[PDB]
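What follows is a single structure, written as structure tokens, with notes after it.
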Amino acid sequence: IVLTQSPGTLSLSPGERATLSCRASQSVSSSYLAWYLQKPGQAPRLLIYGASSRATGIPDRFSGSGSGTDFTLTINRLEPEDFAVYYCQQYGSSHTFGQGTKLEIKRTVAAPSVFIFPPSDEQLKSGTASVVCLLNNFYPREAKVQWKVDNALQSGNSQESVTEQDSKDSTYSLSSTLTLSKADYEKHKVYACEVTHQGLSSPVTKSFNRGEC
Amino acid sequence: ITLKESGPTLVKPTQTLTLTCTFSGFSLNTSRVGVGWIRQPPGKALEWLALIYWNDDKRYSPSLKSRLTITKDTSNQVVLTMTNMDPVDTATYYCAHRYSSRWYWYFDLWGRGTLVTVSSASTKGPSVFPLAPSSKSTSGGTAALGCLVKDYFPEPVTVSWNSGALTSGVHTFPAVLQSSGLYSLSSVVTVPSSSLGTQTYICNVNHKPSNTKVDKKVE
Amino acid sequence: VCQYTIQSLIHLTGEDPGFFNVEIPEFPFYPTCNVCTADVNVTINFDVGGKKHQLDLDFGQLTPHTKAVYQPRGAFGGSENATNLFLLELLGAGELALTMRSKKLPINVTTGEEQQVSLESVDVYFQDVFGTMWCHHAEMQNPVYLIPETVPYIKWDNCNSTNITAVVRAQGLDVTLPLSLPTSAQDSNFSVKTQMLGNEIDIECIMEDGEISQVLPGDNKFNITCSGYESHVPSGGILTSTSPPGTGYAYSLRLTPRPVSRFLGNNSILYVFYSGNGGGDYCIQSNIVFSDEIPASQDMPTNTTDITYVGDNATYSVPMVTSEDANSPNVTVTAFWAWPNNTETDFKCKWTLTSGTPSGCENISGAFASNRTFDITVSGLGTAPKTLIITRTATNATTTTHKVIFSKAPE
Ligand SMILES: *[C@@H]1O[C@H](CO)[C@@H](O[C@@H]2O[C@H](CO)[C@@H](O)[C@H](O)[C@H]2NC(C)=O)[C@H](O)[C@H]1NC(C)=O
Ligand SMILES: *[C@@H]1O[C@H](CO)[C@@H](O)[C@H](O)[C@H]1NC(C)=O
């Protein structure tokens, strides 16, 4: 009644091969297991039965294996299309799923395209202001944003969000949001977004001056 | 073959939850087919909930048989029910299809699913605001523009650009919970720097649980 | 209740062809004992819409030396002519099998519950010749809902009919058929499929390991699967290349699927679909016939041994069982002389841990030791060789049987 999969968020270069283990505590009747695939923003797709039988439309490019306490899944000739979340499901007993494995393209390193958007006029009428800094497209997930105001470094208030990797382009994207009251926004002039990244020699910083258009 | 979910995407703690699955392409009064529901609390694993067969027998998750019922209404409707809710139940809920009658079995087809939020809160709608493609947003011969969506409780928010005409280059960020208890986000897209205002760029934001739907321009 | 219990897991594969089939190897069947009068109950547990319901069956005496397939003597809670829905067949080497028709309702239930009947587990109670109650438990790790229906007979009348009749014996078919192909001396993406039809039953079988695109001259072995309850002994098939008109190129093929039971009827027909460069496109059929043979190997496989010492004071250090639980929760050892005569008398030689030598059964004696090996002691040996039969078992052991020839001393 239990399943346990391989490490999470495996990152591989396309053209390589995938290797996902789905270990189990009790040996299912090995004829009875399935593999599934889901991409955030979509719904799960069916892949395999009994670890080898392939569903409709699926090519030879996929192969599972194993029995009892261990089932295994492999993907050949990896394509950027394939990089999503993967699960294994047991039948032959009470239905149970593995805790999930995720896939990432190991894209050739690319730099974050930095932007910054000031709080808009309508937003100011509310008495608050949200300053948004943007890292548009880049591979390496390990990106950091530090918010400086009049060269004074803020803390905590800056919120951050990350889009899931683009299937076609392998491009990440990040949103760093700094929220403060309109009153606190007027106290300072220079608003800057400092970016530290593997794809950047030394940290970048792009800024604007309040009111200057 | 297709399936659709339907139900209230927000339920109060300890209240009762009711979700309806509508389907086409098969008949369940005829044999061999079975329908069931699965859920995924965001990030966590899938958890099977309930299953119902053509022969009208019903089997549930052992630990949740105490709180669940699944039923049959029309020639093409299945209704799930769940009681004594707790906010940890907050999850995306699916209904799926099976072609066999081998008791415990895999799931062949899946609906796109519907989210259920579980928390005592008002059904506040969003407030949209633009993010200007100002001079500072210029780089590499291109510029970017986006719409902020802020201060809405019930999580489901959908966004489209130029009334669905534009798909490529768009990014719809995951929402974050603010200290105020309301979520916020922003959606962005990039354009050639030549295209400054040559076409009025519109972000179409729809928030059905509040019925709030806004179209917004930006310089 | 049970003196020795064996668990087992039932492995469905594919759609139910029309009957359940279970194999029970662990039960004992002594060699040379033609008066081996074993008695059997059978119990089945059905889950109908979530209601736990049972079905007990009686099979009475067994005469392995004389009869093979047994219809139930009676049943509890069955439908019309319920006993005629079951069979228990011997298979040899101490193995037996159980079969039940699944396209008809075994037990009575109210209107609406028919579609919801499912099997959870089965128990087989086995009274030994020595009276010991052996037991077996089989669990449907994944139950199945039964579907009553009077499925028709289907005839692929357009199929080439070779006359090598398929003889089903011991539930295990084995037939070899010739083939005439349009050359294809080398791979032509060969694929094969087989179907057996008669009396509501439909057994369809498929290739394992994919399809044939890797032919070799000579013999070519390949695995197969049949839609049913696969035996612990696998199904299989082997192709052979050719021999030493119209460019006809000769081939020959051998097969052996063995989840096959008599419910097909003496009238059933086999169908074989094969293919060159074309689920099978080239067809051959063959009439099915079921052998009334009595399995000539029901005697449990014997550790055949020969022993000799002076006078009549002969002994034998009887070893442990295969895969013994060393701490041995409960143990039993019993023996008798070859080709016994009287059921009541010749079958009183039993021992356990607590129970010393009981009444009856002279000429024999023994006990365990700190060696943990059972040093047996016998007497009254005649002027010529005699053979002794011995059986041992412990909890969660696999039964062991010894054939010991007490050969008299030489000249
Ligand atoms: C098989 O089942 C039958 C019926 O439950 C058992 O037969 C009974 O045995 C007793 C003695 O123990 C007789 O007095 C009864 O008359 C029998 N029943 C009938 C209806 O005649 C039998 O013992 C069972 N055998 C095993 C090995 O379990
Ligand atoms: C099989 O026997 C039938 C008659 O029963 C005959 O017509 C047919 O030619 C035979 N076929 C072969 C291949 O021997």
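Chain labels follow the order of the structure tokens: the first chain is A, the next B, and so on; residue numbering restarts at 1 in every chain, and ligands are counted from 1 in their shown order.
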To check your reading of the model: which residues sit at most 12 Å from ligand 2 when counting only C-alpha atoms and all ligand atoms? Write the answer as a short mmCIF file (atom, residue, chain, number, x, y, z; two decimals) with N, CA and C atoms, in the first residue's frame.
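Dumped everything to part-v9.cif:
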```cif
data_model
loop_
_atom_site.label_atom_id
_atom_site.label_comp_id
_atom_site.auth_asym_id
_atom_site.auth_seq_id
_atom_site.Cartn_x
_atom_site.Cartn_y
_atom_site.Cartn_z
N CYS C 159 -10.85 -21.03 -41.79
CA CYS C 159 -9.48 -21.30 -41.37
C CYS C 159 -9.03 -22.68 -41.84
N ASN C 160 -7.75 -22.77 -42.22
CA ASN C 160 -7.17 -24.04 -42.63
C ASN C 160 -7.17 -25.01 -41.46
N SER C 161 -7.61 -26.24 -41.71
CA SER C 161 -7.86 -27.21 -40.65
C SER C 161 -6.86 -28.36 -40.76
N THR C 162 -5.78 -28.27 -39.99
CA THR C 162 -4.87 -29.40 -39.85
C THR C 162 -5.44 -30.40 -38.86
N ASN C 163 -5.06 -31.66 -39.03
CA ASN C 163 -5.72 -32.77 -38.36
C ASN C 163 -4.97 -33.28 -37.13
N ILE C 164 -3.88 -32.64 -36.73
CA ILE C 164 -3.18 -33.04 -35.52
C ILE C 164 -4.02 -32.57 -34.33
N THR C 165 -4.78 -33.49 -33.74
CA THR C 165 -5.67 -33.13 -32.65
C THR C 165 -4.89 -32.72 -31.41
N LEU C 177 2.75 -28.46 -34.53
CA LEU C 177 2.09 -28.42 -35.83
C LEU C 177 3.06 -28.01 -36.93
N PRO C 178 2.93 -28.57 -38.14
CA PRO C 178 3.75 -28.11 -39.26
C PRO C 178 3.23 -26.81 -39.86
N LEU C 179 4.10 -26.16 -40.62
CA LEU C 179 3.79 -24.87 -41.22
C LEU C 179 4.35 -24.80 -42.63
N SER C 180 3.58 -24.21 -43.54
CA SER C 180 4.01 -23.93 -44.90
C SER C 180 3.91 -22.43 -45.13
N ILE C 284 -4.46 -21.24 -38.64
CA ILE C 284 -4.60 -22.69 -38.57
C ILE C 284 -5.45 -23.02 -37.35
N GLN C 285 -6.31 -24.03 -37.49
CA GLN C 285 -7.15 -24.51 -36.40
C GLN C 285 -6.89 -26.00 -36.17
N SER C 286 -7.38 -26.50 -35.04
CA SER C 286 -7.26 -27.91 -34.72
C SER C 286 -8.26 -28.26 -33.63
N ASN C 287 -8.96 -29.37 -33.81
CA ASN C 287 -9.97 -29.79 -32.84
C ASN C 287 -9.32 -30.14 -31.51
#
```
Distance filter 6 Å around ligand 1, atoms: only C-alpha atoms and all ligand atoms, out as a PyMOL selection string
chain C and resi 39-41+58+125-127
Go ahead and write the residues just picked, N, CA, C and O atoms, as a CSV table (one decimal), in the first residue's frame.
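Final file, again-v9.csv:
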```csv
chain,number,residue,atom,x,y,z
C,39,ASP,N,-9.7,-36.9,2.4
C,39,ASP,CA,-11.0,-36.2,2.5
C,39,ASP,C,-10.8,-34.7,2.4
C,39,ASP,O,-9.8,-34.2,3.0
C,40,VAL,N,-11.7,-34.0,1.8
C,40,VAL,CA,-11.5,-32.6,1.5
C,40,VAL,C,-12.9,-31.9,1.6
C,40,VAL,O,-13.9,-32.3,1.1
C,41,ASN,N,-12.8,-30.7,2.3
C,41,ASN,CA,-13.8,-29.7,2.2
C,41,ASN,C,-13.1,-28.6,1.4
C,41,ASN,O,-11.9,-28.4,1.3
C,58,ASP,N,-18.1,-29.9,-0.4
C,58,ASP,CA,-17.6,-31.2,0.1
C,58,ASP,C,-17.2,-32.1,-1.1
C,58,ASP,O,-17.9,-32.1,-2.1
C,125,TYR,N,-9.5,-27.4,2.7
C,125,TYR,CA,-9.3,-28.2,3.8
C,125,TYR,C,-9.1,-29.6,3.4
C,125,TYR,O,-9.8,-30.2,2.6
C,126,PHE,N,-8.0,-30.2,3.9
C,126,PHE,CA,-7.5,-31.5,3.4
C,126,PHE,C,-7.2,-32.4,4.6
C,126,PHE,O,-6.2,-32.3,5.2
C,127,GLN,N,-8.1,-33.4,4.8
C,127,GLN,CA,-7.8,-34.4,5.8
C,127,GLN,C,-6.9,-35.5,5.2
C,127,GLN,O,-7.2,-36.0,4.2
```
Run DSSP on the backbone and grab whatever in segment 7-210 of chain A lands in alpha helix (DSSP H); send it over as a short mmCIF file (atom, residue, chain, number, x, y, z; two decimals) with N, CA and C atoms, in the first residue's frame.
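Saved to selection.cif:
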```cif
data_model
loop_
_atom_site.label_atom_id
_atom_site.label_comp_id
_atom_site.auth_asym_id
_atom_site.auth_seq_id
_atom_site.Cartn_x
_atom_site.Cartn_y
_atom_site.Cartn_z
N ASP A 121 0.18 54.21 -11.82
CA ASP A 121 -0.54 55.33 -11.20
C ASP A 121 -1.82 54.85 -10.52
N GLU A 122 -2.61 54.04 -11.21
CA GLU A 122 -3.86 53.56 -10.61
C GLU A 122 -3.58 52.81 -9.32
N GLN A 123 -2.50 52.02 -9.29
CA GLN A 123 -2.13 51.31 -8.07
C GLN A 123 -1.86 52.27 -6.93
N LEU A 124 -1.32 53.46 -7.22
CA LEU A 124 -0.98 54.40 -6.16
C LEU A 124 -2.23 55.00 -5.52
N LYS A 182 2.09 53.37 0.14
CA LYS A 182 2.38 54.57 -0.62
C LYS A 182 3.25 55.53 0.18
N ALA A 183 2.98 55.66 1.48
CA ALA A 183 3.76 56.56 2.31
C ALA A 183 5.23 56.14 2.35
N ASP A 184 5.49 54.86 2.62
CA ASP A 184 6.86 54.38 2.63
C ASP A 184 7.49 54.50 1.25
N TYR A 185 6.68 54.46 0.19
CA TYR A 185 7.21 54.58 -1.16
C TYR A 185 7.72 55.98 -1.45
N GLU A 186 7.09 57.01 -0.87
CA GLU A 186 7.51 58.38 -1.11
C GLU A 186 8.79 58.74 -0.37
#
```
Please produce, as a Markdown table, a per-residue contact table for chain B versus chain A (criterion: any atom at most 9 Å away, only C-alpha atoms considered), showing the nearest atom pair and its distance in Å to one decimal, sorted by chain then residue number.
```
| residue | atom | partner | partner_atom | distance |
| --- | --- | --- | --- | --- |
| B:44 | CA | A:99 | CA | 7.0 |
| B:45 | CA | A:99 | CA | 4.6 |
| B:46 | CA | A:97 | CA | 6.0 |
| B:47 | CA | A:97 | CA | 6.8 |
| B:48 | CA | A:95 | CA | 6.4 |
| B:61 | CA | A:94 | CA | 7.7 |
| B:62 | CA | A:94 | CA | 8.2 |
| B:94 | CA | A:43 | CA | 8.7 |
| B:102 | CA | A:92 | CA | 8.9 |
| B:103 | CA | A:92 | CA | 8.4 |
| B:104 | CA | A:91 | CA | 5.5 |
| B:105 | CA | A:91 | CA | 5.1 |
| B:106 | CA | A:91 | CA | 6.3 |
| B:107 | CA | A:46 | CA | 7.9 |
| B:108 | CA | A:46 | CA | 6.6 |
| B:109 | CA | A:46 | CA | 7.5 |
| B:110 | CA | A:44 | CA | 6.9 |
| B:111 | CA | A:43 | CA | 7.1 |
| B:112 | CA | A:43 | CA | 5.1 |
| B:113 | CA | A:43 | CA | 7.1 |
| B:128 | CA | A:123 | CA | 8.7 |
| B:129 | CA | A:123 | CA | 6.2 |
| B:130 | CA | A:120 | CA | 6.3 |
| B:131 | CA | A:117 | CA | 5.7 |
| B:132 | CA | A:117 | CA | 6.3 |
| B:133 | CA | A:117 | CA | 7.2 |
| B:134 | CA | A:213 | CA | 7.3 |
| B:135 | CA | A:213 | CA | 7.2 |
| B:136 | CA | A:116 | CA | 7.0 |
| B:137 | CA | A:115 | CA | 5.5 |
| B:138 | CA | A:115 | CA | 7.9 |
| B:139 | CA | A:115 | CA | 8.1 |
| B:140 | CA | A:113 | CA | 9.0 |
| B:143 | CA | A:115 | CA | 8.7 |
| B:144 | CA | A:115 | CA | 7.8 |
| B:145 | CA | A:117 | CA | 8.2 |
| B:146 | CA | A:117 | CA | 8.7 |
| B:148 | CA | A:130 | CA | 8.9 |
| B:171 | CA | A:163 | CA | 7.3 |
| B:172 | CA | A:163 | CA | 7.2 |
| B:173 | CA | A:163 | CA | 5.4 |
| B:174 | CA | A:161 | CA | 6.4 |
| B:175 | CA | A:161 | CA | 7.4 |
| B:176 | CA | A:161 | CA | 7.2 |
| B:178 | CA | A:159 | CA | 8.5 |
| B:185 | CA | A:161 | CA | 8.4 |
| B:186 | CA | A:175 | CA | 8.1 |
| B:190 | CA | A:136 | CA | 8.9 |
```
Any idea which chain C residues end up within 10 Å of chain B if we count only C-alpha atoms, as a PyMOL selection string please?
chain C and resi 12+14-16+48-50+112-118+141-147
Please build the interface table for chain C against chain A with a cut-off of 12 Å, listing for each qualifying residue the nearest atom pair and the distance in Å to one decimal; count only C-alpha atoms, order rows by chain and increasing number, and write it as a Markdown table.
```
| residue | atom | partner | partner_atom | distance |
| --- | --- | --- | --- | --- |
| C:8 | CA | A:29 | CA | 11.8 |
| C:9 | CA | A:29 | CA | 8.4 |
| C:10 | CA | A:29 | CA | 8.6 |
| C:11 | CA | A:29 | CA | 6.7 |
| C:12 | CA | A:31 | CA | 8.7 |
| C:13 | CA | A:31 | CA | 7.3 |
| C:14 | CA | A:31 | CA | 9.6 |
| C:120 | CA | A:93 | CA | 11.8 |
| C:139 | CA | A:93 | CA | 11.4 |
| C:140 | CA | A:92 | CA | 8.9 |
| C:141 | CA | A:92 | CA | 6.1 |
| C:142 | CA | A:92 | CA | 4.7 |
| C:143 | CA | A:92 | CA | 8.3 |
| C:144 | CA | A:92 | CA | 10.3 |
| C:208 | CA | A:53 | CA | 10.5 |
| C:209 | CA | A:52 | CA | 9.7 |
| C:210 | CA | A:53 | CA | 9.9 |
| C:225 | CA | A:31 | CA | 11.4 |
| C:229 | CA | A:31 | CA | 11.9 |
| C:230 | CA | A:31 | CA | 11.2 |
```
Selection above as a file: N, CA, C and O atoms, as a JSON list (two decimals), in the first residue's frame:
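Contents of the output file result.json:
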```json
[["chain", "number", "residue", "atom", "x", "y", "z"],
["C", 8, "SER", "N", -1.19, -18.42, -0.15],
["C", 8, "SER", "CA", -0.83, -18.28, -1.56],
["C", 8, "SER", "C", -1.56, -17.08, -2.13],
["C", 8, "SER", "O", -2.61, -16.67, -1.63],
["C", 9, "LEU", "N", -0.98, -16.52, -3.19],
["C", 9, "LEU", "CA", -1.52, -15.34, -3.86],
["C", 9, "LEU", "C", -1.94, -15.72, -5.26],
["C", 9, "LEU", "O", -1.18, -16.35, -6.00],
["C", 10, "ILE", "N", -3.16, -15.35, -5.63],
["C", 10, "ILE", "CA", -3.72, -15.69, -6.92],
["C", 10, "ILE", "C", -3.37, -14.60, -7.92],
["C", 10, "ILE", "O", -3.47, -13.40, -7.61],
["C", 11, "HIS", "N", -2.94, -15.00, -9.11],
["C", 11, "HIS", "CA", -2.44, -14.09, -10.13],
["C", 11, "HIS", "C", -3.29, -14.21, -11.39],
["C", 11, "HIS", "O", -3.04, -15.06, -12.25],
["C", 12, "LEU", "N", -4.31, -13.36, -11.49],
["C", 12, "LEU", "CA", -5.03, -13.19, -12.74],
["C", 12, "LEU", "C", -4.10, -12.57, -13.78],
["C", 12, "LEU", "O", -3.13, -11.89, -13.45],
["C", 13, "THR", "N", -4.40, -12.82, -15.05],
["C", 13, "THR", "CA", -3.69, -12.16, -16.14],
["C", 13, "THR", "C", -4.64, -12.07, -17.33],
["C", 13, "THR", "O", -5.06, -13.10, -17.86],
["C", 14, "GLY", "N", -4.97, -10.85, -17.73],
["C", 14, "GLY", "CA", -5.91, -10.65, -18.80],
["C", 14, "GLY", "C", -7.35, -10.84, -18.35],
["C", 14, "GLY", "O", -7.65, -11.04, -17.17],
["C", 120, "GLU", "N", -13.04, -13.04, -3.05],
["C", 120, "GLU", "CA", -11.98, -12.49, -2.22],
["C", 120, "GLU", "C", -10.89, -13.51, -1.91],
["C", 120, "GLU", "O", -9.70, -13.22, -2.08],
["C", 139, "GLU", "N", -5.59, -16.06, -1.73],
["C", 139, "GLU", "CA", -6.14, -14.71, -1.62],
["C", 139, "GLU", "C", -6.11, -14.04, -2.98],
["C", 139, "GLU", "O", -5.05, -13.95, -3.61],
["C", 140, "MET", "N", -7.26, -13.56, -3.43],
["C", 140, "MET", "CA", -7.32, -12.72, -4.62],
["C", 140, "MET", "C", -6.78, -11.34, -4.26],
["C", 140, "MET", "O", -7.55, -10.45, -3.88],
["C", 141, "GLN", "N", -5.46, -11.16, -4.36],
["C", 141, "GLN", "CA", -4.86, -9.88, -4.03],
["C", 141, "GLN", "C", -5.63, -8.73, -4.67],
["C", 141, "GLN", "O", -5.72, -7.64, -4.09],
["C", 142, "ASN", "N", -6.20, -8.96, -5.84],
["C", 142, "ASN", "CA", -7.14, -8.04, -6.47],
["C", 142, "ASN", "C", -8.37, -8.82, -6.92],
["C", 142, "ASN", "O", -8.29, -9.55, -7.93],
["C", 143, "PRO", "N", -9.51, -8.70, -6.23],
["C", 143, "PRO", "CA", -10.70, -9.45, -6.64],
["C", 143, "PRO", "C", -11.15, -9.11, -8.05],
["C", 143, "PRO", "O", -10.60, -8.24, -8.71],
["C", 144, "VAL", "N", -12.17, -9.84, -8.52],
["C", 144, "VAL", "CA", -12.76, -9.61, -9.84],
["C", 144, "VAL", "C", -14.27, -9.74, -9.72],
["C", 144, "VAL", "O", -14.77, -10.63, -9.02],
["C", 208, "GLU", "N", 4.72, -12.96, -25.23],
["C", 208, "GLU", "CA", 5.53, -12.10, -24.38],
["C", 208, "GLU", "C", 6.80, -11.71, -25.13],
["C", 208, "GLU", "O", 7.11, -12.24, -26.20],
["C", 209, "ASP", "N", 7.53, -10.75, -24.56],
["C", 209, "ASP", "CA", 8.81, -10.32, -25.10],
["C", 209, "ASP", "C", 8.68, -9.70, -26.49],
["C", 209, "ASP", "O", 9.66, -9.65, -27.25],
["C", 210, "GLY", "N", 7.50, -9.22, -26.85],
["C", 210, "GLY", "CA", 7.32, -8.52, -28.11],
["C", 210, "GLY", "C", 6.91, -9.46, -29.22],
["C", 210, "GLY", "O", 6.03, -10.30, -29.04],
["C", 225, "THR", "N", 1.77, -15.74, -23.12],
["C", 225, "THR", "CA", 0.84, -15.52, -22.03],
["C", 225, "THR", "C", -0.57, -15.83, -22.51],
["C", 225, "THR", "O", -0.94, -15.52, -23.64],
["C", 229, "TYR", "N", -5.66, -17.57, -15.47],
["C", 229, "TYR", "CA", -4.96, -17.66, -14.19],
["C", 229, "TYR", "C", -3.70, -18.49, -14.44],
["C", 229, "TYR", "O", -3.70, -19.71, -14.33],
["C", 230, "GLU", "N", -2.61, -17.79, -14.78],
["C", 230, "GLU", "CA", -1.40, -18.47, -15.22],
["C", 230, "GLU", "C", -0.88, -19.41, -14.14],
["C", 230, "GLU", "O", -0.90, -19.09, -12.95]]
```
Write out as number ranges by chain which residues come within 12 Å of residue 223 of chain C when counting only C-alpha atoms, dropping same-chain ones fewer than 5 positions away.
C: 192-193, 205-212, 234-239, 254-257
